[PDB]
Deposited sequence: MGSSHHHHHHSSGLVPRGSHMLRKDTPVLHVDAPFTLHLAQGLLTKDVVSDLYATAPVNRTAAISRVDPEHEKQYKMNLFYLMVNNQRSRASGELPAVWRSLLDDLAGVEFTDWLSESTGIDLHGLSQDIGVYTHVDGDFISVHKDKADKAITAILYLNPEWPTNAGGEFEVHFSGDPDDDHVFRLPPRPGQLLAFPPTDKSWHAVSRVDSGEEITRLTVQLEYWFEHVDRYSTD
């Protein structure tokens, strides 16, 4: 559609693992529009806390290339973003950007929110999918509130060698699940009642209604 800029160049990161980064996919005005109309009350709370640990809120706009019940009755701007993210034009851009062609795959689109106390511990995604892409929809993220994408250099949960990237409006991070794809989300520590808004796009190999 008209939302995502299909001409934005990407940063290829060969560093501990393949990682692709883009900024400016959406204007600040559109991200503000999406954030103010965000269907955050449609999320469900999930958490795992015992020896990938996490605590977050989630609901799926699309599972296995099929729009969900929760994807109906959306604000116009969210209807447009879902159309664009599910469309062929964006899959073109993301397939050209990451070097993996994603066209015949089972696509999942979910809306994630992280509030104060939410986190995702160090882990590596499941190997049975081609690409995970994270779209950041916060107009402004405070600088000492956590909620940062963490590039890790090992799976040892005691390791503190980290490279962090804060959310930015219209930013997209995309990476395939490689043996080295260790990543995490630092605990959101704001106190000023802020909400970390993302949309994750998963491209699976088998077409199941998971």
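- Of the deposited sequence, the ranges 1-18, 70-72, 232-235 have no C-alpha coordinates according to the record.
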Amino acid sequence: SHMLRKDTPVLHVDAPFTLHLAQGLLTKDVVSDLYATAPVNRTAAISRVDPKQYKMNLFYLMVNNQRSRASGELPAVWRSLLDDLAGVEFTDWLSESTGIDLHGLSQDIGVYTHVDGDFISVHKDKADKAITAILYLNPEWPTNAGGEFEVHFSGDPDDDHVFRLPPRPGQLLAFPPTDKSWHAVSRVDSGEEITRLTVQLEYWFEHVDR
From here on, numbers count along this sequence of modelled residues.
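- Mean CA temperature factor is higher for 120-128 when stretches 71-79 and 120-128 are set side by side in the entry.
- As listed in the deposited structure, the average C-alpha B-factor of 91-99 and of 136-144 is greater for 91-99.
- Of the residues listed, 180, 164, 168, 42, the entry assigns the biggest Cα temperature factor to 180.
- In the PDB entry, a CA B factor belonging to the middle third of its chain's modelled residues is recorded for residue 11.
- Sort the modelled residues of the chain by CA B factor and residue 113 lands in the lowest third.
- When the CA B factors of the chain's modelled residues are split into thirds, the value for residue 25 lands in the middle one.
- The PDB entry assigns residue 200 a C-alpha temperature factor belonging to the middle third of its chain's modelled residues.
- Residue 34 sits in the lowest third of its chain by CA B factor, as recorded in the PDB entry.
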